[PDB]
């Protein structure tokens, strides 16, 4: 609910949430962080397309894609292939972390 894992996408209208904080891939292709109803950060890509999705990729890049498979905005954080996370944190920061350094190996 507040974590996007590498290999997952937010569809249009979908969000990560922590308390009053919402990080949403809007239908107007703007990527916005709201504190209640106040925009605090945006990709500033509102109106460049419709029906965009947000991908957290295996190369560590967070990308807004238009439905033509066309890059609209990116974090520009391509690097090592592996596992990454994008988190809406309790401190209201949105952060990409990776690669994975250690695991219990208890996945299902």
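Residue numbers count along the first chain shown, from 1.
Would 36 to 44 or 68 to 76 have the larger average of its C-alpha temperature factors, as given in the entry? Mean C-alpha B-factor is greater for 68 to 76.
- Query: Lowest, middle or highest third of the chain for the C-alpha temperature factor of residue 56?
  - Reply: For residue 56, the deposited C-alpha B-factor lands in the middle third.
Mind checking which third residue 104 falls in for C-alpha B-factor across the chain?
Middle third, going by the recorded CA B-factors of the chain.
>> Where does the C-alpha B-factor of residue 49 rank in its chain, lowest, middle or highest third?
In response: CA B-factor rank for residue 49: highest third.
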